[PDB]
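Enquirer: Here you go, this is work_37.txt (compact mmCIF, C-alpha atoms).
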# COMPACT_ATOMS: atom_id res chain seq x y z
CA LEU A 1 58.14 -9.03 0.89
CA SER A 2 56.34 -6.61 3.30
CA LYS A 3 59.00 -3.91 2.76
CA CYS A 4 58.92 -4.41 -1.05
CA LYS A 5 55.22 -4.07 -1.39
CA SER A 6 55.19 -0.84 0.56
CA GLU A 7 58.10 0.97 -1.38
CA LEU A 8 56.57 0.32 -4.75
CA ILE A 9 53.15 1.55 -3.56
CA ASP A 10 54.53 4.71 -2.26
CA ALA A 11 56.65 5.41 -5.33
CA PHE A 12 54.46 4.54 -8.34
CA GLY A 13 50.86 4.67 -6.86
CA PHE A 14 50.51 8.43 -7.76
CA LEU A 15 50.57 7.64 -11.49
CA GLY A 16 47.34 5.55 -11.17
CA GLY A 17 45.43 8.44 -9.54
CA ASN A 18 44.47 9.71 -6.12
CA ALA A 19 40.98 8.03 -6.20
CA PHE A 20 42.73 4.71 -6.80
CA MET A 21 44.88 5.16 -3.73
CA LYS A 22 43.65 3.35 -0.49
CA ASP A 23 45.44 2.54 2.69
CA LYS A 24 44.85 -1.00 4.07
CA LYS A 25 48.59 -1.66 4.11
CA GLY A 26 49.68 -4.80 5.86
CA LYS A 27 49.17 -8.58 5.38
CA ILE A 28 47.17 -11.26 7.32
CA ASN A 29 47.87 -14.89 6.30
CA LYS A 30 45.81 -16.30 9.13
CA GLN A 31 41.98 -16.64 8.86
CA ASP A 32 40.97 -14.14 11.50
CA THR A 33 40.00 -11.49 8.95
CA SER A 34 40.07 -11.17 5.06
CA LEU A 35 41.01 -7.50 4.94
CA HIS A 36 44.50 -6.32 4.02
CA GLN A 37 44.92 -8.27 0.84
CA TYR A 38 45.14 -6.49 -2.46
CA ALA A 39 43.56 -7.57 -5.71
CA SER A 40 41.75 -5.45 -8.26
CA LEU A 41 38.94 -7.97 -8.36
CA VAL A 42 37.46 -7.00 -4.98
CA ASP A 43 35.67 -3.74 -4.31
CA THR A 44 37.17 -3.80 -0.75
CA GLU A 45 40.46 -2.45 -2.10
CA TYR A 46 42.52 -2.19 -5.35
CA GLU A 47 46.06 -2.28 -6.51
CA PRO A 48 47.11 1.47 -7.40
CA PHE A 49 49.32 0.53 -10.29
CA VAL A 50 49.67 -2.68 -12.31
CA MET A 51 51.30 -4.98 -9.69
CA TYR A 52 50.74 -8.75 -9.19
CA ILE A 53 52.34 -10.61 -6.24
CA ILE A 54 53.42 -14.09 -7.19
CA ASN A 55 53.82 -16.66 -4.39
CA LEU A 56 55.22 -20.12 -5.37
CA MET B 1 -46.49 -1.57 16.29
CA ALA B 2 -43.13 -3.08 15.57
CA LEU B 3 -42.66 -6.86 15.25
CA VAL B 4 -39.72 -7.90 17.51
CA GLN B 5 -37.48 -11.03 17.50
CA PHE B 6 -35.69 -12.81 20.35
CA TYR B 7 -33.46 -15.82 20.54
CA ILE B 8 -32.14 -18.04 23.39
CA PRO B 9 -32.05 -21.59 24.49
CA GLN B 10 -34.89 -22.99 26.65
CA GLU B 11 -32.77 -22.97 29.78
CA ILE B 12 -33.12 -19.22 30.51
CA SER B 13 -36.50 -19.05 28.68
CA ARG B 14 -38.19 -18.12 31.98
CA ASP B 15 -35.56 -15.62 33.17
CA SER B 16 -35.57 -14.02 29.74
CA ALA B 17 -39.50 -13.91 29.59
CA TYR B 18 -39.75 -12.21 33.00
CA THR B 19 -37.23 -9.53 31.95
CA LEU B 20 -38.96 -9.12 28.55
CA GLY B 21 -42.16 -8.69 30.60
CA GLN B 22 -40.89 -5.79 32.70
CA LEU B 23 -40.24 -3.54 29.59
CA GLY B 24 -43.88 -3.49 28.67
CA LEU B 25 -43.32 -6.21 25.92
CA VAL B 26 -46.71 -7.84 24.93
CA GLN B 27 -48.10 -10.98 23.26
CA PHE B 28 -44.88 -12.95 23.97
CA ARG B 29 -45.18 -16.30 22.31
CA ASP B 30 -42.29 -18.77 22.24
CA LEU B 31 -41.80 -20.36 18.73
CA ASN B 32 -39.33 -22.58 16.75
CA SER B 33 -36.75 -22.13 13.88
CA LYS B 34 -39.17 -23.26 11.16
CA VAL B 35 -42.66 -21.82 11.70
CA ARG B 36 -41.96 -18.25 10.42
CA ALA B 37 -40.56 -18.41 6.81
CA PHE B 38 -37.99 -15.63 7.41
CA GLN B 39 -36.58 -17.42 10.44
CA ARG B 40 -36.18 -20.66 8.50
CA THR B 41 -32.77 -21.97 7.39
CA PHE B 42 -31.68 -21.24 3.83
CA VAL B 43 -28.37 -21.27 1.86
CA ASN B 44 -29.58 -17.93 0.73
CA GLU B 45 -28.70 -16.51 4.32
CA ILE B 46 -25.23 -18.06 4.33
CA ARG B 47 -24.56 -15.91 1.20
CA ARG B 48 -26.27 -12.88 2.71
CA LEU B 49 -24.00 -13.17 5.73
CA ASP B 50 -21.02 -13.20 3.30
CA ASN B 51 -22.36 -10.06 1.53
CA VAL B 52 -22.26 -8.28 4.91
CA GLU B 53 -18.68 -9.32 5.65
CA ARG B 54 -17.77 -8.01 2.08
CA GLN B 55 -19.39 -4.70 3.12
CA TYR B 56 -17.37 -4.68 6.42
CA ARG B 57 -14.08 -5.33 4.45
CA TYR B 58 -15.02 -2.50 2.13
CA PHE B 59 -15.40 -0.09 4.96
CA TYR B 60 -11.86 -0.82 6.16
CA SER B 61 -10.52 -0.52 2.53
CA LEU B 62 -12.21 2.84 2.13
CA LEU B 63 -11.23 4.20 5.59
CA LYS B 64 -7.49 3.44 5.09
CA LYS B 65 -7.33 5.16 1.73
CA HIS B 66 -9.15 8.35 2.71
CA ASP B 67 -6.89 8.72 5.73
CA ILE B 68 -9.93 8.92 8.06
CA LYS B 69 -9.53 6.84 11.30
CA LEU B 70 -11.24 3.59 12.43
CA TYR B 71 -14.77 3.90 13.56
CA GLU B 72 -16.39 2.04 16.48
CA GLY B 73 -19.77 3.29 17.65
CA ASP B 74 -21.87 0.08 17.85
CA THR B 75 -25.51 0.74 17.80
CA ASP B 76 -28.54 -1.14 16.54
CA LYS B 77 -31.14 0.88 18.63
CA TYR B 78 -32.93 4.22 18.45
CA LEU B 79 -32.40 5.31 22.09
CA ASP B 80 -28.97 6.78 21.28
CA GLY B 81 -28.69 10.01 19.42
CA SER B 82 -26.51 8.63 16.59
CA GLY B 83 -28.17 5.25 16.89
CA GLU B 84 -31.56 6.77 15.92
CA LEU B 85 -30.23 8.88 13.10
CA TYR B 86 -27.63 6.62 11.57
CA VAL B 87 -29.70 3.36 11.95
CA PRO B 88 -33.29 3.54 10.46
CA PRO B 89 -36.41 2.33 12.48
CA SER B 90 -37.52 0.31 9.38
CA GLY B 91 -35.90 -3.04 8.79
CA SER B 92 -33.06 -3.91 6.34
CA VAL B 93 -33.25 -3.86 2.62
CA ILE B 94 -30.25 -5.94 1.97
CA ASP B 95 -30.08 -5.62 -1.70
CA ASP B 96 -29.91 -1.83 -1.50
CA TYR B 97 -27.25 -1.29 1.21
CA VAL B 98 -24.95 -3.77 -0.47
CA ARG B 99 -25.54 -1.99 -3.80
CA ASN B 100 -24.46 1.36 -2.40
CA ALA B 101 -21.27 0.09 -0.96
CA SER B 102 -20.22 -2.28 -3.82
CA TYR B 103 -20.15 0.57 -6.41
CA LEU B 104 -18.11 2.91 -4.32
CA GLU B 105 -15.55 0.18 -3.47
CA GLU B 106 -15.20 -0.45 -7.19
CA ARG B 107 -14.82 3.28 -8.14
CA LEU B 108 -12.39 3.76 -5.31
CA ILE B 109 -10.06 0.93 -6.41
CA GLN B 110 -9.85 2.28 -9.95
CA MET B 111 -9.06 5.84 -8.72
CA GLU B 112 -6.42 4.63 -6.29
CA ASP B 113 -4.41 2.57 -8.75
CA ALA B 114 -4.46 5.50 -11.18
CA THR B 115 -3.33 8.00 -8.48
CA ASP B 116 -0.31 5.74 -7.76
CA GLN B 117 0.56 5.41 -11.44
CA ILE B 118 0.47 9.27 -11.87
CA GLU B 119 2.50 9.98 -8.62
CA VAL B 120 5.59 7.89 -9.60
CA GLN B 121 5.69 9.12 -13.15
CA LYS B 122 5.53 12.78 -12.19
CA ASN B 123 8.19 12.47 -9.42
CA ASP B 124 10.67 10.68 -11.82
CA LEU B 125 10.14 13.09 -14.84
CA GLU B 126 10.50 16.30 -12.68
CA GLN B 127 13.68 14.75 -11.29
CA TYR B 128 15.20 13.82 -14.75
CA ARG B 129 14.26 17.06 -16.20
CA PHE B 130 17.25 18.77 -14.67
CA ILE B 131 19.57 15.85 -15.37
CA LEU B 132 19.01 15.72 -19.17
CA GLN B 133 19.24 19.44 -19.24
CA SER B 134 22.75 19.46 -17.87
CA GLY B 135 23.95 16.50 -19.90
CA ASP B 136 22.54 17.79 -23.27
CA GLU B 137 23.90 21.31 -22.65
CA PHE B 138 27.40 19.89 -21.79
CA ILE B 139 25.68 19.79 -27.14
CA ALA B 140 25.35 19.54 -30.89
CA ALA B 141 25.79 15.75 -30.33
CA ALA B 142 23.58 14.87 -27.44
CA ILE B 143 20.50 15.88 -29.24
CA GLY B 144 21.51 12.96 -31.50
CA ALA B 145 23.30 9.66 -30.87
CA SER B 146 26.85 10.73 -32.29
CA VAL B 147 28.61 10.83 -28.94
CA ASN B 148 27.44 8.71 -26.03
CA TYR B 149 26.51 10.23 -22.67
CA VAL B 150 25.25 8.35 -19.72
CA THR B 151 23.15 10.66 -17.56
CA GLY B 152 22.21 9.31 -14.21
CA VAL B 153 21.13 9.88 -10.69
CA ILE B 154 22.99 8.29 -7.68
CA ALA B 155 22.38 8.79 -3.99
CA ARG B 156 26.03 8.11 -2.88
CA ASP B 157 29.01 10.00 -4.23
CA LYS B 158 30.87 7.24 -2.27
CA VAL B 159 29.61 4.48 -4.50
CA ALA B 160 30.36 6.70 -7.48
CA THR B 161 34.03 6.70 -6.36
CA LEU B 162 34.02 2.85 -6.42
CA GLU B 163 32.65 2.95 -9.98
CA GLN B 164 35.44 5.31 -11.14
CA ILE B 165 38.04 2.76 -9.83
CA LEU B 166 36.29 -0.15 -11.59
CA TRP B 167 35.83 1.71 -14.86
CA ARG B 168 39.43 2.59 -14.91
CA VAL B 169 40.89 -0.87 -14.29
CA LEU B 170 38.98 -2.75 -16.97
CA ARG B 171 37.66 -0.07 -19.35
CA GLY B 172 40.58 2.44 -19.30
CA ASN B 173 40.25 6.29 -19.32
CA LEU B 174 37.48 6.79 -21.74
CA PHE B 175 35.36 8.22 -18.94
CA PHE B 176 35.31 11.88 -18.33
CA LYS B 177 33.57 12.25 -14.88
CA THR B 178 31.71 15.31 -14.01
CA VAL B 179 29.41 15.68 -10.88
CA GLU B 180 26.90 18.22 -9.56
CA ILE B 181 25.26 18.20 -6.10
CA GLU B 182 21.53 18.09 -6.48
CA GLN B 183 18.54 18.42 -4.20
CA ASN B 184 20.50 12.99 -5.11
CA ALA B 185 23.78 13.51 -6.92
CA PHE B 186 23.91 14.04 -10.66
CA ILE B 187 26.73 11.79 -12.08
CA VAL B 188 27.85 11.70 -15.58
CA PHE B 189 30.17 9.32 -17.32
CA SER B 190 30.86 9.93 -20.98
CA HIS B 191 31.86 7.19 -23.31
CA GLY B 192 32.18 5.69 -26.81
CA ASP B 193 29.24 4.17 -28.79
CA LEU B 194 30.64 0.56 -28.97
CA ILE B 195 31.61 -0.04 -25.35
CA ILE B 196 28.07 1.26 -24.22
CA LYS B 197 26.79 -2.06 -22.70
CA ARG B 198 30.14 -2.71 -20.89
CA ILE B 199 29.78 0.49 -18.78
CA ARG B 200 26.16 -0.26 -18.14
CA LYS B 201 26.96 -3.71 -16.44
CA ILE B 202 29.22 -1.92 -13.99
CA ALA B 203 26.66 0.81 -13.39
CA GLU B 204 23.82 -1.70 -12.88
CA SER B 205 25.83 -3.63 -10.26
CA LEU B 206 26.38 -0.87 -7.93
CA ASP B 207 22.93 0.56 -8.53
CA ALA B 208 22.71 3.83 -10.43
CA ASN B 209 20.15 5.12 -12.97
CA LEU B 210 22.84 5.62 -15.56
CA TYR B 211 20.76 5.38 -18.86
CA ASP B 212 21.78 6.94 -22.10
CA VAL B 213 18.61 9.01 -21.99
CA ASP B 214 16.57 9.06 -18.78
CA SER B 215 13.33 10.30 -20.30
CA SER B 216 11.30 8.70 -23.12
CA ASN B 217 9.81 11.97 -24.21
CA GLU B 218 12.30 12.63 -26.91
CA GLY B 219 10.22 12.90 -29.96
CA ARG B 220 10.52 16.73 -30.46
CA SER B 221 13.88 18.34 -31.07
CA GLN B 222 15.50 19.23 -28.58
CA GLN B 223 14.35 16.37 -26.19
CA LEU B 224 13.77 18.84 -23.39
CA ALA B 225 10.81 20.56 -25.02
CA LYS B 226 8.70 17.36 -25.16
CA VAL B 227 9.79 16.46 -21.55
CA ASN B 228 8.53 19.91 -20.26
CA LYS B 229 5.06 19.53 -21.92
CA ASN B 230 4.56 16.05 -20.58
CA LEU B 231 5.47 17.27 -17.10
CA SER B 232 2.76 20.06 -17.44
CA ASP B 233 0.23 17.33 -18.14
CA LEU B 234 1.51 15.24 -15.27
CA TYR B 235 1.33 17.98 -12.65
CA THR B 236 -2.38 18.86 -13.24
CA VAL B 237 -3.43 15.24 -13.63
CA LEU B 238 -2.38 14.50 -9.99
CA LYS B 239 -4.27 17.65 -8.77
CA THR B 240 -7.56 16.57 -10.59
CA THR B 241 -7.22 13.18 -8.90
CA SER B 242 -6.94 14.84 -5.51
CA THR B 243 -10.15 16.85 -6.20
CA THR B 244 -11.94 13.60 -6.99
CA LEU B 245 -10.57 12.00 -3.79
CA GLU B 246 -11.86 14.95 -1.76
CA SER B 247 -15.50 14.85 -3.30
CA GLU B 248 -15.71 11.17 -2.34
CA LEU B 249 -14.29 11.77 1.14
CA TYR B 250 -17.05 14.44 1.87
CA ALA B 251 -19.89 12.26 0.58
CA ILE B 252 -19.17 9.03 2.27
CA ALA B 253 -17.23 9.56 5.54
CA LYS B 254 -20.52 9.97 7.49
CA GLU B 255 -22.29 7.45 5.34
CA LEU B 256 -19.40 4.94 6.12
CA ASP B 257 -20.08 5.26 9.78
CA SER B 258 -23.87 4.79 9.30
CA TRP B 259 -23.32 1.64 7.26
CA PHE B 260 -20.88 0.32 9.87
CA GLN B 261 -23.53 0.57 12.65
CA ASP B 262 -26.23 -0.92 10.21
CA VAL B 263 -24.02 -3.90 9.39
CA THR B 264 -23.53 -4.72 13.17
CA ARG B 265 -27.35 -5.14 13.33
CA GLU B 266 -27.46 -7.31 10.11
CA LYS B 267 -24.81 -9.77 11.43
CA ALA B 268 -27.10 -10.01 14.37
CA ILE B 269 -30.28 -10.47 12.16
CA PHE B 270 -28.75 -13.53 10.39
CA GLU B 271 -27.65 -15.16 13.68
CA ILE B 272 -31.22 -14.58 15.20
CA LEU B 273 -32.85 -16.16 12.18
CA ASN B 274 -30.29 -18.89 12.34
CA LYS B 275 -28.04 -18.20 9.42
CA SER B 276 -26.55 -21.67 8.99
CA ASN B 277 -26.64 -25.08 10.64
CA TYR B 278 -24.20 -24.19 13.57
CA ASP B 279 -26.46 -21.47 14.64
CA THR B 280 -29.44 -23.83 14.62
CA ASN B 281 -27.86 -26.33 17.08
CA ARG B 282 -26.77 -23.60 19.47
CA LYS B 283 -29.99 -21.56 19.72
CA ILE B 284 -33.04 -23.91 19.33
CA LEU B 285 -35.44 -21.27 20.56
CA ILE B 286 -36.61 -18.16 18.57
CA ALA B 287 -39.53 -16.16 20.22
CA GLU B 288 -41.94 -13.51 19.06
CA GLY B 289 -43.31 -10.42 20.70
CA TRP B 290 -44.65 -7.02 20.02
CA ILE B 291 -43.02 -3.89 21.27
CA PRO B 292 -44.79 -0.50 21.04
CA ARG B 293 -43.05 1.97 18.73
CA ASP B 294 -41.64 4.42 21.33
CA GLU B 295 -40.46 1.58 23.55
CA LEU B 296 -38.69 -0.13 20.57
CA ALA B 297 -35.58 2.05 21.46
CA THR B 298 -34.99 0.86 25.02
CA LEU B 299 -35.47 -2.77 23.91
CA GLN B 300 -32.51 -3.10 21.48
CA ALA B 301 -30.28 -1.33 24.03
CA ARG B 302 -31.02 -4.28 26.21
CA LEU B 303 -28.95 -7.17 24.94
CA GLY B 304 -29.23 -9.57 27.90
CA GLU B 305 -26.16 -11.87 27.66
CA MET B 306 -27.61 -14.10 24.79
CA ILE B 307 -30.54 -12.02 23.44
CA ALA B 308 -30.24 -9.82 20.29
CA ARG B 309 -33.11 -8.11 18.56
CA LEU B 310 -34.24 -6.89 15.16
CA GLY B 311 -37.16 -4.27 14.97
CA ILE B 312 -39.19 -3.23 11.94
As structure tokens, what does this structure read like?
Expert:
Amino acid sequence: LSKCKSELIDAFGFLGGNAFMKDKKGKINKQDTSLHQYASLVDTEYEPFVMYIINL
Amino acid sequence: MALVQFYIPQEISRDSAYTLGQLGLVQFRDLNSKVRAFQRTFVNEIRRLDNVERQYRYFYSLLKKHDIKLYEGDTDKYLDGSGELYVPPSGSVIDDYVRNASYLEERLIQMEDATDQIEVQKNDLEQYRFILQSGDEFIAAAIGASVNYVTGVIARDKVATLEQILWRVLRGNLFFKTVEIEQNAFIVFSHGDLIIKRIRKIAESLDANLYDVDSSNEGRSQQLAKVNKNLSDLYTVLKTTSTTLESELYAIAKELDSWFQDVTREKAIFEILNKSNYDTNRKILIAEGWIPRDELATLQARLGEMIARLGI
């Protein structure tokens, strides 16, 4: 998953715009911090192209 | 000569009398809080004491506003240079001194509120002058309501960045974003006329002054001509206020001080008299004596450790 998320971000992110592009790459599943987790809803960071991560 | 007033208990009556004695005081008669009408309890004096505390309050209110520092000087006697000149050998005329200070407090409050109302309006219009100028000129549609512009000032180009991401995600690319560095930052988003409120919510939440027109002087065509004439009225109206502020500062700074010293002596006169019931059961003795007029000066300087004076 980690590798997937990165390759798409690198490749397509440019289409959304440079302003849109933020680096906070990585993922923390433990409750130690709440940074590093993409979602357009939060002002903390944003997805840089229409991407949703679905976890069943 | 001048009638003089003393107060104590009857414990140090003798030690007080002796010391009174040595300053050439004459016809010393001990009395009570009843026999002289002035020195008799009344509800009237409880109010009078309040009128003096309202004067004291007023002095602080006035001194803050004029930007003239706190005054301590603390006289009630004529021995001192400023005590003689700023505190009159004749007794108090309570109605008058209150009446001088009451009016000025009132006139001062009205002025000050108005000065504040002028100062914010002027600083905002001079600011949004430039903004509207840019945004209209950028024309032939923004002297009407055909196209929609949102002029606005923002103090972080950083928070403006955050707004561009938001706008784009949920409101597409209907923004054209232009920016100029100002003295603030001038931001401009430009948008349709049916999504107007939607952009506003976003703008509101990150705190910007993005309004569709930032001034309300509008009513001549182009908008900017009315805004410039209103700002010529604003500028001189603050000046005129300052001139008024000055006139009042020159008349009353010295007077303020002279009232302050007077009032010290009046708080004393009501306690002497016994101003209320507490005062009565604390000082049961009030004495009478005559002090010759020249001498009257060294007497009020003297303040024992329980004795305060009023002269006439």
Enquirer: Wanna dump the chain B-chain A contacts at 12 Å for me, each residue with its shortest atom pair and the distance in Å to one decimal, counting all atoms listed in the file, ordered by chain and number, as CSV?
Expert:
residue,atom,partner,partner_atom,distance
B:158,CA,A:19,CA,10.9
B:159,CA,A:43,CA,10.2
B:160,CA,A:19,CA,10.8
B:161,CA,A:19,CA,7.1
B:162,CA,A:43,CA,7.1
B:163,CA,A:43,CA,9.3
B:164,CA,A:19,CA,7.9
B:165,CA,A:20,CA,5.9
B:166,CA,A:43,CA,8.1
B:167,CA,A:20,CA,11.0
B:168,CA,A:20,CA,9.0
B:169,CA,A:40,CA,7.6
B:170,CA,A:40,CA,9.5
B:172,CA,A:16,CA,11.0
B:173,CA,A:16,CA,10.8
B:202,CA,A:43,CA,11.8
B:205,CA,A:43,CA,11.5
B:206,CA,A:43,CA,10.4
Enquirer: What is the atom CA of residue 201 of chain B to atom CA of residue 152 of chain B distance in Å?
Expert: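 Separation between atom CA of residue 201 of chain B and atom CA of residue 152 of chain B: 14.0 Å.
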Enquirer: Show me the residues around (-37.2, -15.2, 26.4) - criterion: an atom at most 8 Å away, all atoms listed in the file counted - as a compact mmCIF listing (two decimals) with C-alpha atoms, in the coordinates of the input.
Expert:
# COMPACT_ATOMS: atom_id res chain seq x y z
CA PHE B 6 -35.69 -12.81 20.35
CA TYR B 7 -33.46 -15.82 20.54
CA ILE B 8 -32.14 -18.04 23.39
CA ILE B 12 -33.12 -19.22 30.51
CA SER B 13 -36.50 -19.05 28.68
CA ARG B 14 -38.19 -18.12 31.98
CA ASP B 15 -35.56 -15.62 33.17
CA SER B 16 -35.57 -14.02 29.74
CA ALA B 17 -39.50 -13.91 29.59
CA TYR B 18 -39.75 -12.21 33.00
CA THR B 19 -37.23 -9.53 31.95
CA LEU B 20 -38.96 -9.12 28.55
CA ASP B 30 -42.29 -18.77 22.24
CA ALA B 287 -39.53 -16.16 20.22
CA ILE B 307 -30.54 -12.02 23.44
Enquirer: Which one of A:1, A:11, A:28, A:35 sits closest to residue 53 of chain A if you count all atoms listed in the file?
Expert: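 Comparing A:1, A:11, A:28, A:35 against residue 53 of chain A, the winner is A:1.
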Enquirer: Could you jot down the atom CA of residue 190 of chain B to atom CA of residue 219 of chain B separation for me, Å, one decimal place?
Expert: 22.7 Å
Enquirer: What's the 12 Å shell around residue 181 of chain B, counting only C-alpha atoms, without same-chain residues fewer than 4 positions away, as a count of residues only?
Expert: 11
Enquirer: Hey, which of B:297, B:119, B:86, B:3 ends up closest to residue 73 of chain B? Count all atoms listed in the file.
Expert: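 Closest residue, counting all atoms listed in the file: B:86.
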Enquirer: When distances are computed from all atoms listed in the file, which of B:5, B:233, B:50, B:180 shows the smallest separation from residue 121 of chain B?
Expert: B:233
Enquirer: Give the answer as one residue: which of B:43, B:312, B:49, B:120 has the shortest atom-to-atom distance to residue 87 of chain B, using only C-alpha atoms?
Expert: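 That would be B:312, the residue with the smallest distance to residue 87 of chain B.
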Enquirer: List as JSON, numbers by chain: which residues have an atom within 12 Å of (-25.4, 0.8, -3.2), counting all atoms listed in the file?
Expert: {"B": [55, 93, 94, 95, 96, 97, 98, 99, 100, 101, 102, 103, 104, 105, 106, 107, 252, 255, 256, 259]}
Enquirer: In Å, how far is it from atom CA of residue 241 of chain B to atom CA of residue 114 of chain B?
Expert: 8.5 Å
Enquirer: Using the file's own x, y and z axes, what box holds all listed atoms of segment 213-217 of chain B with 6 Å on each side, keeping edges along x, y and z, and what are its centre and edge lengths in Å to one decimal, as lines of an AutoDock Vina configuration file?
Expert:
center_x = 14.2
center_y = 10.3
center_z = -21.5
size_x = 20.8
size_y = 15.3
size_z = 17.4
Enquirer: For segment 6-17 of chain A, supply N, CA and C atoms and report the output as a tab-separated table (two decimals), in the coordinates of the input.
Expert:
chain	number	residue	atom	x	y	z
A	6	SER	N	55.39	-2.17	0.15
A	6	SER	CA	55.19	-0.84	0.56
A	6	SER	C	55.94	0.11	-0.33
A	7	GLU	N	57.22	-0.04	-0.65
A	7	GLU	CA	58.10	0.97	-1.38
A	7	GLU	C	57.64	1.21	-2.74
A	8	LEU	N	57.18	0.15	-3.49
A	8	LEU	CA	56.57	0.32	-4.75
A	8	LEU	C	55.27	1.06	-4.78
A	9	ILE	N	54.42	0.84	-3.76
A	9	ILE	CA	53.15	1.55	-3.56
A	9	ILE	C	53.26	3.01	-3.34
A	10	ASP	N	54.26	3.32	-2.46
A	10	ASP	CA	54.53	4.71	-2.26
A	10	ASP	C	55.00	5.46	-3.47
A	11	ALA	N	55.91	4.79	-4.25
A	11	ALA	CA	56.65	5.41	-5.33
A	11	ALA	C	55.82	5.59	-6.57
A	12	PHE	N	55.16	4.59	-7.04
A	12	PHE	CA	54.46	4.54	-8.34
A	12	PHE	C	52.92	4.82	-8.30
A	13	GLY	N	52.31	4.70	-7.07
A	13	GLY	CA	50.86	4.67	-6.86
A	13	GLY	C	50.23	5.89	-7.40
A	14	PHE	N	50.92	7.07	-7.36
A	14	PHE	CA	50.51	8.43	-7.76
A	14	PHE	C	50.15	8.51	-9.18
A	15	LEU	N	50.87	7.70	-10.03
A	15	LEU	CA	50.57	7.64	-11.49
A	15	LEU	C	49.12	7.10	-11.79
A	16	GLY	N	48.67	6.08	-10.97
A	16	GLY	CA	47.34	5.55	-11.17
A	16	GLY	C	46.15	6.47	-10.84
A	17	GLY	N	46.39	7.35	-9.83
A	17	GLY	CA	45.43	8.44	-9.54
A	17	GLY	C	45.11	8.46	-8.11
